[PDB]
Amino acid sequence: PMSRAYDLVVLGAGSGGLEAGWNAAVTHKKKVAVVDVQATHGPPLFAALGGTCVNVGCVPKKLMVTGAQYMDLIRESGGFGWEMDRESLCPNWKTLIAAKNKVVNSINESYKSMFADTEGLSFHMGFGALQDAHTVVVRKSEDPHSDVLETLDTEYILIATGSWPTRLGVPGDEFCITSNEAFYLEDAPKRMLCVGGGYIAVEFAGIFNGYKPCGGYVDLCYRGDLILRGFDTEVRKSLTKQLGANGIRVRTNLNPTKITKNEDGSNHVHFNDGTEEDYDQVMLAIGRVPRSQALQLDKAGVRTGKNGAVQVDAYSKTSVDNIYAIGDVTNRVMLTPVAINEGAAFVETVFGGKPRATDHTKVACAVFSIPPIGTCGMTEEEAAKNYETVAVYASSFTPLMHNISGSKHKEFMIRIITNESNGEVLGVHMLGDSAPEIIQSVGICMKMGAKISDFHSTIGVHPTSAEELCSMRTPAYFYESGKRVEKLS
């Protein structure tokens, strides 16, 4: 049947969008249109071809986290007998950004190669918006009276417009920055305030701390008692302690009430406790909400809810049968590899014939803090709620190399959460160098329903930090009927 210009229009050329578009085009010879707002990373729109991850997320972030680590690694080299002037050690921030821009730019460039070279896959630059269930309009600007560039007549629509940082909404909010603006800063700031206690706040605290000029400092300021909500409690306390030792002042039960601009350019910040303080820059990392607010979803009749989240079934389908939505715009787990899996499972479902729903349980993630976190599965707090009897295995050690490096604060931590019944591993929570690498392969065991038996029965790899997974036999303590107990009934 030769009806409609495109089989599939994809709003958002990000992690979810491109996977879907590319699969649909090459493996199922479908005609696929992919809409995004710019082809290259940067202000004023930030996101681009490749999406948030490539342009202003996972990729550039980890490049910069890697950069800031050299501060620690250079300190540490001295114990191993690397004499070299430590007074001459101020990192050049401009050289880092240049390098990071070069790398992101080459990815954007390799995505233009993809489109020109791949048959039946076209890229449409502007602002997508629905008109009906079968029509997506592309505009110059997001202002819905902007000149219309293209009207894409399509059989299926896939909404993959991702998410956008949330603002603080107080007198002074417009003088603060976010992840987006942080990546283009001309100079590393001397006096830096990271507002928030989520993984972005923490990762960027670590970056700024590494790239701070001589005499500078980083405060991390959080609404609540303990940073990294929904992470292992003892891992969060240990990281709080290690950010401290690395020179990051963590402040809790603290919220800016007001920001005003000083004469030199810096920002005055009033807080809850009465305290006033001056910062060269103030970065809000207080959450990310879906971008559905300009897609005019009301017009097509696709179902919205909790903060513009696209209401979606297991197979990613909206209220309208031909319109699907994946990634951060759905407001489930906001990770790149999830969106990629949802997009892959969308093409298999609709165009493959072979239906599949993404599996959201025990998906491993990481925090690229200094030091880093690797986690997969559930905290002991939620295990003790959903499970009769729960064993908590726990082990903390300092790798011998830190007796030499001077970094004696760098406790490596592993906690495993069990179902007593059958030994099943419900959660693994690691803090320390290499954790994100180790957890990936933990995530495979946990997928295969690994019991604690399966860990301690594995011959170890010496000397390693991971070999301590296979040395955890005796539980530290338990939970029967969701209350902590010294020992088991």
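The term rigid core refers to the most C-alpha atoms you can superpose between the two forms while keeping them within 1.5 Å. So that there is no doubt, residue numbering starts at 1 and follows the sequence shown.
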Could you tell me which of the two stretches, 88 to 96 or 174 to 182, has its Cα atoms lying farther from the shown structure in 4 other deposited structures of this protein after fitting on the rigid core? 88 to 96
Taking the mean of the C-alpha B-factors per stretch from the entry, tell me the winner out of 221 to 229 and 141 to 149. 141 to 149
Higher of the two mean Cα B-factors (260 to 268, 342 to 350; per PDB record) comes from 260 to 268
Between 328, 72, 203, 132, let me know which has the highest C-alpha B-factor in the entry? 132
Which of these, 77, 163, 95, 319, has its C-alpha atom at the highest B-factor, as the entry lists it? 319
Against its chain's modelled residues, does residue 421's Cα B factor rank lowest, middle or highest third? highest
Could you say whether, by C-alpha temperature factor, residue 29 belongs to the lowest, middle or highest third of its chain? highest
Residue 171 by Cα B-factor - lowest, middle or highest third of the modelled chain: highest
Is residue 401 in the lowest, middle or highest third of its chain when residues are ranked by C-alpha B-factor? middle
When the deposited Cα B-factors of this chain's modelled residues are ordered and cut into thirds, is residue 110 in the lowest, the middle or the highest one? middle
